[PDB]
Amino acid sequence: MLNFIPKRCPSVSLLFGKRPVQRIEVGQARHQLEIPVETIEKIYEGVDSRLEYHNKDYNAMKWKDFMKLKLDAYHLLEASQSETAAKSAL
Amino acid sequence: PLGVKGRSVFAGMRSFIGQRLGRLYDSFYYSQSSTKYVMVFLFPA
Amino acid sequence: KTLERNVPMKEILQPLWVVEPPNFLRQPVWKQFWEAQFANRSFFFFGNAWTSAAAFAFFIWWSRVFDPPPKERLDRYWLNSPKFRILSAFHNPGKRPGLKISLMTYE
Amino acid sequence: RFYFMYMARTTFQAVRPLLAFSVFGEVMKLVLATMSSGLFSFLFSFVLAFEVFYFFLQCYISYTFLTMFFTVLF
Amino acid sequence: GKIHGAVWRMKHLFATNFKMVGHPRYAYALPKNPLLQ
Amino acid sequence: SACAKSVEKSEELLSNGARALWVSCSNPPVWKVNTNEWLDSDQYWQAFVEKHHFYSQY
Amino acid sequence: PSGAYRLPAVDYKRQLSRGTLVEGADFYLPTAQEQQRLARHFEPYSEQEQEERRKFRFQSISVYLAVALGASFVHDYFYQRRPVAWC
Amino acid sequence: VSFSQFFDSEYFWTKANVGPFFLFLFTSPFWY
Amino acid sequence: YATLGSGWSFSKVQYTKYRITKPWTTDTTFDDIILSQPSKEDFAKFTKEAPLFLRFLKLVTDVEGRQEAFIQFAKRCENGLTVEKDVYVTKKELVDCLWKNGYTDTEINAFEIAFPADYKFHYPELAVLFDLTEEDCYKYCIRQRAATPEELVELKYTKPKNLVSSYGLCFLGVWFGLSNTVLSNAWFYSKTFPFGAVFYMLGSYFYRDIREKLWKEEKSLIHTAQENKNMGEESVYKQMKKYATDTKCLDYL
Ligand SMILES: CCCCCCCCCCCCCCCCCC(=O)OC[C@H](COP(=O)([O-])OCC(O)COP(=O)([O-])OC[C@@H](COC(=O)CCCCCCCCCCCCCCCCC)OC(=O)CCCCCCCCCCCCCCCCC)OC(=O)CCCCCCCCCCCCCCCCC
Ligand SMILES: CCCCCCCCCCCCCCCCCC(=O)OC[C@H](COP(=O)([O-])OCC(O)COP(=O)([O-])OC[C@@H](COC(=O)CCCCCCCCCCCCCCCCC)OC(=O)CCCCCCCCCCCCCCCCC)OC(=O)CCCCCCCCCCCCCCCCC
Ligand SMILES: CCCCCCCCCCCCCCCCCC(=O)OC[C@H](COP(=O)([O-])OCC(O)COP(=O)([O-])OC[C@@H](COC(=O)CCCCCCCCCCCCCCCCC)OC(=O)CCCCCCCCCCCCCCCCC)OC(=O)CCCCCCCCCCCCCCCCC
Ligand SMILES: CCCCCCCCCCCCCCCCCC(=O)OC[C@H](COP(=O)([O-])OCC(O)COP(=O)([O-])OC[C@@H](COC(=O)CCCCCCCCCCCCCCCCC)OC(=O)CCCCCCCCCCCCCCCCC)OC(=O)CCCCCCCCCCCCCCCCC
Ligand SMILES: CCCCCCCCCCCCCCCCCC(=O)OC[C@H](COP(=O)([O-])OCC[N+](C)(C)C)OC(=O)CCCCCCCCCCCCCCCCC
Ligand SMILES: CCCCCCCCCCCCCCCCCC(=O)OC[C@H](COP(=O)([O-])OCC[N+](C)(C)C)OC(=O)CCCCCCCCCCCCCCCCC
Ligand SMILES: CCCCCCCC/C=C/CCCCCCCC(=O)OC[C@H](COP(=O)(O)OCCN)OC(=O)CCCCCCC/C=C/CCCCCCCC
Ligand SMILES: CCCCCCCCCCCCO[C@@H]1O[C@H](CO)[C@@H](O[C@H]2O[C@H](CO)[C@@H](O)[C@H](O)[C@H]2O)[C@H](O)[C@H]1O
Ligand SMILES: CCCCCCCCCCCCO[C@@H]1O[C@H](CO)[C@@H](O[C@H]2O[C@H](CO)[C@@H](O)[C@H](O)[C@H]2O)[C@H](O)[C@H]1O
């Protein structure tokens, strides 16, 4: 994934927080996934506003947080690839 | 840590020149007699 | 409320900067040149890097071969030169500098 | 003697395109200056195009030989 | 231009992998996965 | 208590995964994205380029 | 010779027989701050270093133009002056 | 600053400003 | 300018020898939005029919609890809504936005059954329907239109400008540029026409081979990137699904 976080201003992302939920399509099969808007808003605390790209519609996160996120993704992916993975995240 | 207290840059230059001259003498000693004398004294002269 | 302001397109669509190229290294040119000196095979004019070409250019500039000739040698090439003749004619608008050129050669 | 041989080869490979562009060009220019009719001009256009292709071929050859002559291991 | 092409390929081949957080030769420095055992 | 803390950290893991999925699905196509903008966003691959193309020339 | 000023190296064949030869890194990285970048994974560049780097996202055609004009002026009117006839 | 304490290695490579000295050194032919 | 759009389709175009034609209009002219950089006053205006939208608006306002807005907008819009013509958002785009931002299936189905498939929502409609600012809605519509810039936009027609000065300068250009033997030179006939004609013929004969040989690498890279993205997303999703049932331990305890 890229470090491009869409601006939640209505001129860019119309209707961001009008409802308490976000939805996304995942993969080639386009599975649906719903995510709480608070879980999402947790990103805009690490978002950095000095940086703006792609027609000034996307900000960038701080590398610390972005790489923590990438590491969680990578851990999940390698666990999926492996077979001795733990049956729980506890 | 550049430089040392009590030592002079001129002393450093002297030491470096000594090293260079010693290395040159060593390299001239460990060389072919057929080529070194010629290339170092007769062509230059 | 209604919109009455005349919204320009520059407040919406921002153009990319393409006039001056990008610097993916995020380092200035003189620092690149300095770094290349300590890399193997890129010292000053040795090698075939851009820094080598730049240093060779500066070296031939620092040399004498491309400097103007002295007065003792002007009449070897310069006084019979197309650039010299054209410049003399241009800066003497309505005159003929052949005689003055002969006298400059004599001098 | 090897230095002289090498410089001769290098200069020849460097001037090859200049020759193809200048002397054959002078020949073409002579022909253009002398020819007036339309049939001969129609036939000579193809000679000009062939000269284009030949110039590009000479440039390729020179590029090859020059990358061979200016390649250093260290 | 060489640098430009290199970065242009790095983009496509790295930015959407999920497996290259960094370079594999430096994976020893990454933290350890709590899910493996 | 300890069970609550373990559930909390596992939920943090899964929330970070969901955030990653959201970021990925909201990202623009990387071939549409500008190369220099991508490299400015990424700080790790900057060091990879500087190592092989700023500290060397060959 | 004594041996103090001996050659500070060993032939590559003897190194290969010893199992000591290394071949790589036509370049180098002087400072550990620069060596450990690809291994840190979290702060390859400090904050101050990032802010300094953000100033070189593009090359400065303005500086190029200014320096080139200055150098051309100097080279033409101080270093490349030649005489001209006067009538 | 004195000649000796200036040309001392430590002070010469750490605290001193050798800019003018090395500029004079480079331009020596001009002055001569 | 940036390349906007959420599509991964590597798209190239081939050109014809015919120009784009639009219906005749005595006051409007069609142009590219990025090449024109138009403003709100440069955009052309027209009147749109209200009722089909006013019904849905009355419903939404009775649901949300704001009828003053409906009354004001209806009194403004009677006799048709006068609005810029090519500043709109399509029903599909709006539905995608609603879905990804969390509007319920009931509301989405209401939208679908209420409006036709080819309906075009404008920024005043969007603003009055979502309690937003017409400025922000205008900017959003402009971005969504620039995302699809192949479609020309309709501006007000303006007469040409500076024709007399342009005529003077073009006369000067010809007077200084054709008073020569350039187009009759041996250099021309030997280098300029042969090289140029050969390049043109080779380009016309291998127009597509060249393009394909150049675009091969970019196509492969885009394919690789998309495959990696898909596989990673799927793996992460299925693993989180596996670990989804690790919260009930507490409520069991
Ligand atoms: C009258 C009769 C005349 C006959 C001769 C009589 C005897 C006179 C003396 C001999 C004179 C000839 C010198 C030949 C030496 C080179 C050729 C050779 O065969 O050497 C082989 C000989 C044996 O080498 P080897 O067996 O193959 O391997 C062992 C290594 O050499 C072992 O290496 P190492 O581990 O011991 O140390 C590394 C070594 C590396 O040596 C090498 O291996 C190769 C050296 C490269 C040579 C060519 C470099 C050219 C670079 C281009 C310059 C571009 C500058 C651009 C600047 C731009 C900035 C504006 O370091 C050096 O010695 C080189 C230093 C100078 C390089 C300067 C380049 C610029 C860098 C500046 C650095 C800062 C200044 C130094 C500060 C030091 C602290 C004070 O080499 C040496 O012994 C040491 C290298 C030579 C050092 C110079 C010695 C002093 C020479 C004085 C010349 C003055 C002559 C004028 C006299 C007055 C007349 C009026
Ligand atoms: C009176 C006392 C004695 C005289 C001294 C006069 C004053 C100079 C004092 C010494 C220097 C200044 C000292 C105080 C500096 C204080 C400020 C500071 O710290 O930072 C600097 C200050 C700020 O630095 P910064 O904070 O890091 O930010 C910088 C900006 O971000 C911007 O960073 P950037 O990455 O964007 O870089 C911009 C760059 C943009 O990047 C480029 O350079 C691309 C273009 C390169 C062109 C090809 C380069 C060829 C180089 C040949 C050099 C030798 C030529 C011979 C010299 C005479 C030439 C007529 O543009 C340039 O600035 C370089 C211009 C190079 C000169 C142009 C020569 C003509 C080129 C012709 C090409 C066309 C040929 C066809 C002609 C036919 C036309 C129809 O900016 C500068 O002054 C830059 C220094 C420029 C030096 C030249 C660049 C290095 C090139 C090395 C070439 C080899 C030279 C070898 C040296 C001698 C041997 C050891
Ligand atoms: C060994 C391995 C390789 C190492 C590579 C190192 C790389 C760095 C190399 C340095 C870069 C410059 C080299 C350029 C190529 C050399 C030829 C050249 O370009 O100039 C031609 C030029 C002659 O060409 P020309 O065809 O006759 O044209 C005449 C025109 O008037 C032309 O003159 P002009 O009217 O146009 O005026 C300008 C001219 C006029 O220049 C002059 O006026 C010469 C007299 C200036 C005196 C100023 C006062 C200095 C006070 C003494 C300072 C202490 C010096 C200590 C020894 C030198 C230390 C490096 O000078 C120049 O054109 C620029 C050259 C000077 C640039 C500064 C370079 C300094 C050397 C830096 C080297 C640093 C690293 C070395 C490596 C170390 C190895 C580890 O050179 C000279 O005029 C004479 C050179 C001075 C020789 C005098 C000493 C002879 C030795 C016997 C003296 C008796 C006592 C010594 C006994 C020994 C004790 C045991
Ligand atoms: C050192 C030795 C050398 C020294 C000598 C130097 C000699 C220089 C000569 C002066 C000419 C300089 C070159 C520029 C020429 C003008 C080009 C131009 O603008 O045309 C485009 C002009 C604009 O139309 P467009 O580009 O298609 O669309 C824009 C709109 O028109 C919209 O346009 P706009 O809104 O921007 O402006 C409209 C303006 C356009 O009318 C014009 O064509 C402008 C002509 C103004 C010429 C002023 C010359 C000033 C220098 C000489 C000083 C003379 C003392 C008078 C001082 C001025 C106070 C009265 O007027 C009108 O169209 C009608 C409404 C009238 C409103 C009031 C206009 C007057 C304003 C107050 C004066 C402002 C003075 C500014 C201060 C200047 C300080 C340096 O249309 C024309 O082409 C007009 C006709 C062309 C003029 C020539 C007519 C044929 C007569 C040929 C002469 C005879 C053949 C030669 C033989 C002579 C034997 C003696
Ligand atoms: C003048 C034109 C020059 C332009 C081209 C050259 C490049 C321009 C930059 C300057 C060139 C010189 C750089 C020298 C760098 C070395 C610094 C250094 O510390 O080296 C280690 C030496 C040795 O140090 P040391 O061993 O005594 O003590 C320190 C020990 N360590 C390093 C472990 C901490 O230090 C010095 O003493 C300074 C030497 C440099 C000063 C001399 C300049 C050399 C150039 C002249 C060569 C001829 C020498 C004979 C001169 C006789 C004069 C009458
Ligand atoms: C802008 C200019 C840029 C260009 C750079 C300009 C400056 C640098 C230019 C250097 C390039 C040229 C370097 C060539 C050097 C070749 C000279 C050489 O190596 O000699 C040949 C000999 C040849 O040795 P060899 O024959 O055994 O082996 C040579 C190589 N093979 C094996 C292939 C044959 O080299 C030496 O062995 C000695 C070299 C070091 C000595 C240099 C001369 C000074 C000697 C002073 C000591 C005198 C002691 C006397 C004691 C008497 C009693 C015992
Ligand atoms: C197609 C094949 C073309 C090949 C032609 C390439 C020619 C390359 C040869 C030029 C380099 C030769 C090195 C000469 C060094 C001589 C020994 C030496 O160190 O003398 C230093 C001496 C400086 O001394 P001073 O003038 O007194 O300095 C005064 C300072 N004010 O160096 C010089 O004179 C410089 C010599 C200039 C060489 C002539 C320049 C020719 C221009 C070549 C560039 C054009 C492109 C060439 C094709 C590229 C081929 C790779
Ligand atoms: C805005 C200020 C910027 C600061 C710039 C300061 C740079 C000063 C450096 C000047 C050095 C010029 O060096 C000088 O160049 C001129 C050429 O023009 C040469 O001039 C030489 O050739 C010319 C023409 O044949 C003759 O007048 C004569 O034979 C001789 O003077 C000199 O031999 C050289 O010594
Ligand atoms: C970025 C870091 C830079 C650090 C290095 C700084 C370099 C400082 C030295 C450069 C300043 C100019 O250097 C000096 O210029 C003049 C003019 O060209 C030269 O002077 C030479 O040419 C002039 C003009 O013909 C003569 O009057 C003079 O007799 C002759 O020596 C000097 O030989 C040179 O030493």
Side-chain angles (χ1 to χ4, degrees), chain A residues 1-4 60-82, chain C residues 23-27 35 39, chain E residues 2-33 36, chain F residues 16 20 23-24 27 30-31 33 35-58, chain G residues 22-46 49-50 53, chain I residues 217 220-221 224-225 227-229 231-233 235-236:
Chain A
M1 68 222 71
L2 315 175
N3 190 4
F4 287 68
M61 307 173 60
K62 295 145 187 165
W63 192 249
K64 195 88 181 302
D65 306 321
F66 180 68
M67 181 55 64
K68 165 164 51 52
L69 179 139
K70 274 184 77 70
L71 267 166
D72 297 8
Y74 170 61
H75 288 340
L76 293 173
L77 177 143
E78 67 177 1
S80 181
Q81 287 178 353
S82 171
Chain C
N23 190 351
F24 300 110
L25 308 178
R26 301 295 194 269
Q27 290 282 34
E35 203 53 43
Chain E
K2 185 177 73 171
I3 297 165
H4 190 304
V7 179
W8 176 70
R9 297 185 178 94
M10 288 175 188
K11 183 174 69 175
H12 289 85
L13 301 187
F14 296 164
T16 53
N17 196 323
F18 297 81
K19 305 176 57 48
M20 302 190 66
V21 307
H23 194 260
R25 282 177 59 93
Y26 306 89
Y28 64 87
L30 283 178
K32 289 181 277 187
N33 192 339
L36 303 184
Chain F
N16 293 11
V23 170
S24 309
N27 288 134
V30 75
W31 68 271
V33 172
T35 313
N36 206 19
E37 288 179 349
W38 169 73
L39 201 71
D40 189 1
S41 78
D42 209 281
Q43 285 289 334
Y44 184 92
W45 298 115
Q46 282 191 22
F48 195 79
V49 175
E50 199 189 9
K51 180 184 176 175
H52 294 283
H53 301 111
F54 169 74
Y55 290 102
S56 184
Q57 296 281 131
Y58 300 110
Chain G
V22 182
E23 304 88 347
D26 270 3
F27 62 101
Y28 81 134
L29 302 158
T31 314
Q33 183 67 8
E34 304 162 359
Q35 298 163 4
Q36 303 301 341
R37 295 203 196 281
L38 267 47
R40 277 182 260 162
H41 273 107
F42 271 91
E43 201 74 333
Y45 301 93
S46 65
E49 204 162 3
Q50 288 182 9
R53 309 246 305 169
Chain I
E217 191 190 17
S220 69
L221 293 175
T224 290
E227 293 297 338
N228 294 347
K229 186 201 183 73
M231 71 175 72
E233 286 179 342
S235 303
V236 179

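Labels below follow one simple rule: chain letters A, B, ... track the order of the sequence lines, proteins then strands, and each chain is numbered from 1. FYI, side chains are in, hydrogens and waters are out, and symmetry mates aren't considered; it's all heavy atoms of this structure.
- Across all non-hydrogen atoms, the minimal contact from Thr16(E) to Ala225(I) is OG1-O, 3.2 Å.
- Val30(F) and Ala15(E) get closest at one heavy-atom pair: CG2-CB, 4.0 Å.
- Under the 4.5 Å side-chain criterion, counting only non-hydrogen atoms from C-beta, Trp45(F) is not in contact with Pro44(G).
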- [ ] Kindly indicate, with the supporting measurements, whether the criterion side-chain contact (heavy atoms from CB on, under 4.5 Å) is fulfilled by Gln33(G) and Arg40(G).
- [x] CA-CA 10 Å; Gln33(G) 183 67 8; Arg40(G) 277 182 260 162; 3.0 Å; yes
TODO: Given ring pair (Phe, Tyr, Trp, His ring centres under 6.0 Å), test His23(E) with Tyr44(F) step by step and report yes or no.
DONE: CA-CA 9 Å; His23(E) 194 260; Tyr44(F) 184 92; 8.4 Å; no
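- For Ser41(F) (side chain) and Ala60(A) (main-chain N/O), no donor-acceptor pair under 3.5 Å exists by modelled atom type.
- The shortest side-chain heavy-atom distance between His52(F) and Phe27(G) falls under the 4.5 Å cut-off.
- In this structure, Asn3(A) CG and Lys62(A) NZ are separated by 11.5 Å, a value rounded to the nearest 0.5 Å.
- In this structure, the separation between OH on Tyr45(G) and CZ on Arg37(G) is 5.0 Å, given to the nearest 0.5 Å.
- Residues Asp26(G) and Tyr58(F) are not in side-chain contact: their nearest non-hydrogen atoms beyond the backbone lie 4.5 Å or more apart.
- Note that the CG atom of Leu25(C) and the CD atom of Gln46(F) stand 10.0 Å from one another [nearest 0.5 Å].
- Taking the side chain as every heavy atom from C-beta outward, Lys11(E) and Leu2(A) never approach each other to under 4.5 Å.
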Open item on the list: Between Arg9(E) and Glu217(I), does the side-chain contact (heavy atoms from CB on, under 4.5 Å) criterion hold? Intermediate values first, please.
Closed with: CA-CA 9 Å; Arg9(E) 297 185 178 94; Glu217(I) 191 190 17; 2.4 Å; yes
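- To the nearest 0.5 angstrom, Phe42(G) atom CZ is 14.0 Å from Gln43(F) atom CD.
- If you take CZ on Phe24(C) and NZ on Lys2(E), they are separated by 14.0 Å, rounding to the nearest 0.5 Å.
- When all heavy atoms are compared, the tightest approach of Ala79(A) to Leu36(E) is CA-CD2, 4.3 Å.
- With sequence neighbours left out, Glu37(F) forms a salt bridge (charged side-chain N to carboxylate O under 4.0 Å, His left out) with no residue at all.
- The salt bridge (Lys or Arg N to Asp or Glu O under 4.0 Å) contacts involving residues 38-55 of chain F comprise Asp40(F)-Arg54(G), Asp40(F)-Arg57(G), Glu50(F)-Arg53(G), where partners must be two or more places apart or lie in separate chains.
- Side-chain atoms of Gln35(G) come within 3.5 Å of backbone N or O of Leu29(G) as a donor-acceptor pair.
- With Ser46(G) contributing its side chain and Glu49(G) its backbone, the two residues share a donor-acceptor pair below 3.5 Å.
- Residues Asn228(I) and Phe18(E) form no side-chain contact, since every pair of their non-hydrogen atoms from C-beta on lies 4.5 Å or further apart.
- Within the 4.5 Å cutoff, side-chain heavy atoms of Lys19(E) are placed close to those of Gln81(A).
- Residues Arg26(C) and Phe54(F) form no side-chain contact, since every pair of their non-hydrogen atoms from C-beta on lies 4.5 Å or further apart.
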Give every donor-acceptor pair under 3.5 Å between a side-chain atom in residues 64-76 of chain A and any protein atom, sequence neighbours left out.
| from | atom 1 | to | atom 2 | distance (Å) |
| --- | --- | --- | --- | --- |
| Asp72(A) | OD2 | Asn16(F) | ND2 | 2.5 |
| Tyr74(A) | OH | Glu78(A) | OE1 | 3.4 |
| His75(A) | ND1 | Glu78(A) | OE2 | 3.3 |

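- A heavy-atom distance below 4.5 Å is not found between the side chains of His53(F) and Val7(E).
- Listed here is the closest heavy atom pair of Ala20(F) and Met1(A): CB-SD, 3.6 Å.
- Contact detail for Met10(E) and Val49(F): the closest heavy-atom pair is SD-CG2, 3.9 Å.
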